[PDB]
Amino acid sequence: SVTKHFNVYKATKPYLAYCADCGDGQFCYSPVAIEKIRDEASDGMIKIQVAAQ
Amino acid sequence: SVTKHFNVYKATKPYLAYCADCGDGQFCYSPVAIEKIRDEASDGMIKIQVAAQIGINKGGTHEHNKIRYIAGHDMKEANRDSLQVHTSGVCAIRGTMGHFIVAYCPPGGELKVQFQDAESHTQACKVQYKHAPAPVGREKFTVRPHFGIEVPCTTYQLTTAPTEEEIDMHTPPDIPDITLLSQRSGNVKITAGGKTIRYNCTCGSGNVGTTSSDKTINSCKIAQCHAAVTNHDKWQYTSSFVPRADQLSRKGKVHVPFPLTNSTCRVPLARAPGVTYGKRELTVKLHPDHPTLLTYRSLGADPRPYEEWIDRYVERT
Amino acid sequence: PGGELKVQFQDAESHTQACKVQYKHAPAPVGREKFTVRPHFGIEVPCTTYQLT
Amino acid sequence: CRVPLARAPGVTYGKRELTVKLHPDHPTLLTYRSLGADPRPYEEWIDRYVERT
Amino acid sequence: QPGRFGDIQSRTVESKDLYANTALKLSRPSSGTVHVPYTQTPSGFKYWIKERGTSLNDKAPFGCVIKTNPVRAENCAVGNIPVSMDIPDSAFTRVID
Amino acid sequence: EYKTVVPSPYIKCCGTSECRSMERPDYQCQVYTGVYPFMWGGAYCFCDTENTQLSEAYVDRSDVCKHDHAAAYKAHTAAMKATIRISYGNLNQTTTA
Ligand SMILES: *[C@@H]1O[C@H](CO)[C@@H](O)[C@H](O)[C@H]1NC(C)=O
Ligand SMILES: *[C@@H]1O[C@H](CO)[C@@H](O)[C@H](O)[C@H]1NC(C)=O
Ligand SMILES: *[C@@H]1O[C@H](CO)[C@@H](O)[C@H](O)[C@H]1NC(C)=O
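Residue numbers (this note's numbering), protein chains in the order written: chain P, 1 to 53; chain B, 1 to 317; chain C, 1 to 53; chain W, 1 to 53; chain U, 1 to 97; chain V, 1 to 97.
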């Protein structure tokens, strides 16, 4: 019951899409892509959505 | 064919010169040393000159997991992935070969290049240098746009091709070594291995500069001996940190890689300004994301130009 | 120079516990000229420092 | 204690007037005074190239 | 002047008689180790590039967009142009229409 | 831009002076005596206060002089292109004058 709620993660295969700067190259495909950033707390809290869970 | 043009790198054994701040220490002699820096690319590129060449396997080759630093009068070994360059921010390497380094790199007030040696040491040293790039276009940014326009800029493309300008090669000077003065029974002896050590003394007769011989001067003292070793085997870069003998210098040529070429260059597009015109007067609301440039002029005979960088919300009339 | 001080190390197993402290470290330069790197070629003006034994 | 040494300022003397061009590499200090009874001191930090009369 | 602009005023790219007035000055090395001390003002070309600003494209007194290939200026209005034309008699019909 | 070409410094351990001056731009013929350089091998040679330091430098153009250079020009009488479109009854054509 501690790990039961993880069942909703049977949805799998995170995507691989375009991102801005790959570091080594100008354009590059990476499993990590920055989705729109959540920021609504009051202690510098930052939430980042990344394809690869 | 691809590796055939690395024959120019038969010249090995670079110097171990003087660099200002040891990092931890105050002064040190280090295999890595910062030399002149080239900065003429218009997209924030840099060109760093380092004595220790990279991609060497005691012969011409190209790879990505081998570096041979030099400490003393012999070669050594390390790993390339441990090589790090970083200003105030992380100074990321796009790909390097030979003596020279290129990197995407954020602005800062100093430069540092570090790399792990063979065992249990992170020896390196810093250098004073300013890096304040002037981005192309009227929008200042640090990341490539997701949507934008193309305006070309100059950069160093990645290739290994011959070029026009050149660096200077010459015979190395005669470095000294005091560890070859082992005295055992009040007698001054010369060891082996290094061989052909130049000799000169006021101790007495026998000042000839022995060549690859275990010659021993008897009834002498260490304080009167100033022997120095020479090899005349492989030539070496001419820096401003080592001496030189008067001669034509026999200028050897090793082409500088990464020449300067044009390239397409993306630049962000700012949001459309808010406009609410009235009567013979115009009012504009701005929503800048980064410090940009705004300007206007009169089509009449009197231009009356205006230019003023904008980095915050402000009404303009 | 910085506005906070932190020190850390890895303990016997997979942990890098640490804690910071407020400290406005703004070292006033010695001499008429500001810098961050000792001269390549320079001149000596006497000052003081800690000793290393 | 080593300390940097700035480049020699570019002096181009006029008549009863002294013009100097300053090419700083780091924020430094320039001061002057008059040997007459009234000294009229001056001090002002420099961080960019500038002309002073 | 040593640093204002055109400290190098060399002629065409043939690289002959590279005049320079960058005011070198050497110094005596210290007793610590080997030195090559010198004093050298920074290049005026870099300073002129850094300052730049307010190009002539945004300074044309008649809003005259300027190009650079044959160093040309395009699409600006000033004065007026005269014209004299000769028309053949076969380009139009007679009064009977 | 300018490149400051400075060769390796000249140490000669005899104390006798050696001065020369060629025709390449802005040599600074400076010779120093009584220098006692050091090196990672502790030191080299024996005699102290009797050594010759010959250090020379000059300036030259840069490697990107072919691309990153700037040009100067003089104004003169100027000729103006004019692209005109002419049309009349059942005729419509452009030209250049
Ligand atoms: C070192 O060699 C030079 C040149 O051969 C010679 O003049 C000098 O006397 C030598 N040193 C001693 C101590 O003899
Ligand atoms: C870059 O473009 C300019 C202008 O078209 C040209 O003169 C120059 O030769 C080009 N350089 C390279 C390396 O393509
Ligand atoms: C002349 O021809 C061009 C062809 O593109 C056309 O656009 C233009 O309207 C014509 N002129 C007139 C007056 O219709």
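The beta carbon of each residue, even a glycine, is placed where N, CA and C say it ideally should be.
{"Check": "Contact with chain D by residue 226/B, beta-carbon distance below 8 Å", "Outcome": "Absence of chain D from the displayed structure is noted, the protein chains being P, B, C, W, U and V."}
{"Check": "Neighbour list for residue 26/P in chain B, Cβ cutoff strictly below 9 Å", "Outcome": "144, 266"}
{"Check": "Burial state of residue 241/B (16 or more Cβ within 10 Å)", "Outcome": "buried"}
{"Check": "Rounded C-alpha distance that separates residue 42/V from residue 177/B", "Outcome": "7 Å"}
{"Check": "Pocket of ligand 3 (residues with CB nearer than 6 Å to any heavy atom), chain order", "Outcome": "87/V, 92/V"}
{"Check": "Members of the segment 87-115 of chain B that neighbour chain P once the beta carbon cut-off is set at 9 Å", "Outcome": "92, 93, 94, 95, 104"}
{"Check": "Stretch pair the segment 19-27 of chain B + the segment 1-9 of chain B: three plus CB contacts closer than 8 Å", "Outcome": "no"}
{"Check": "Closest residue to residue 20/U among 41/U, 96/U, 51/U (Cα-Cα distance)", "Outcome": "41/U"}
{"Check": "CB contact flag (residue 246/B, residue 10/V, <8 Å)", "Outcome": "yes"}
{"Check": "Sequence-distant residues of its chain with Cβ nearer than 6 Å to residue 259/B (five each side left out)", "Outcome": "163"}
{"Check": "Distance between residue 13/W and residue 1/U (C-alpha atoms, nearest Å)", "Outcome": "14 Å"}
{"Check": "Chain C contact for residue 70/U (CB, 8 Å cutoff)", "Outcome": "no"}
{"Check": "Anticipated Cβ contact below 8 Å, residue 33/P with residue 11/P, distance rounded", "Outcome": "That pair is no contact at about 17 Å."}
{"Check": "Residue-level contact to chain B via CB, residue 70/V, 8 Å cutoff", "Outcome": "no"}
{"Check": "C-beta neighbour in chain B for residue 58/U, strict 8 Å", "Outcome": "yes"}
{"Check": "Any chain V beta carbon closer than 8 Å to residue 199/B", "Outcome": "no"}
{"Check": "beta-carbon residue 187/B near ligand 1 non-hydrogen atom, thresh 7 Å", "Outcome": "no"}
{"Check": "Beta-bridge partners of residue 111/B, as assigned by DSSP", "Outcome": "127/B"}
{"Check": "Heavy atom of ligand 1 within 7 Å of residue 46/V beta-carbon", "Outcome": "yes"}
{"Check": "Validate contact between the segment 180-196 of chain B and the segment 146-154 of chain B using beta carbons, cut 8 Å, 3 pairs", "Outcome": "no"}
{"Check": "is_contact[residue 45/U, chain V] using C-beta, thresh 8 Å", "Outcome": "yes"}
{"Check": "Cβ of residue 38/V within 8 Å of any chain U Cβ", "Outcome": "yes"}
{"Check": "Closer than 7 Å: residue 276/B CB and nearest ligand 2 heavy atom", "Outcome": "no"}
{"Check": "Selected residue, minimal CA-CA separation from residue 239/B, among 172/B, 294/B, 183/B", "Outcome": "172/B"}
{"Check": "Beta carbon nearer than 6 Å to a non-hydrogen atom of ligand 2", "Outcome": "261/B, 262/B, 67/V"}
{"Check": "Nonlocal neighbours in the same chain, by C-beta distance under 8 Å from residue 124/B, ignoring five residues either side", "Outcome": "23, 30, 32, 112, 113, 114, 115"}
{"Check": "Secondary structure of residue 10/P, DSSP reduced to three states", "Outcome": "helix"}
{"Check": "Residue 44/U and residue 4/U closer than 8 Å at C-beta", "Outcome": "yes"}
{"Check": "Closest by C-alpha distance to residue 3/V, when choosing among 167/B, 202/B, 293/B", "Outcome": "167/B"}
{"Check": "Chain W contact residues for residue 79/U, given Cβ-Cβ distances below 7 Å", "Outcome": "Going along chain W, no residue has its Cβ under 7 Å from residue 79/U, so there is no contact; the nearest lies around 42 Å."}
{"Check": "Through-space distance from residue 18/V to residue 32/V, alpha-carbon basis", "Outcome": "10 Å"}
{"Check": "For residue 65/V, the three-state DSSP class (helix, strand or coil)", "Outcome": "helix"}
{"Check": "Within chain B, partners of residue 65/U - CB distance below 8 Å", "Outcome": "The premise fails here: residue 65/U is roughly 11 Å from chain B at the closest Cβ pair, so nothing lies under 8 Å."}
{"Check": "Rounded distance between the beta-carbons of residue 26/W and residue 34/C, thought under 8 Å", "Outcome": "5 Å"}
{"Check": "Contact test: residue 201/B Cβ vs ligand 1 heavy atom, cutoff 7 Å", "Outcome": "yes"}
{"Check": "Where the alpha helix (DSSP H) through residue 49/U begins and ends", "Outcome": "44-51"}
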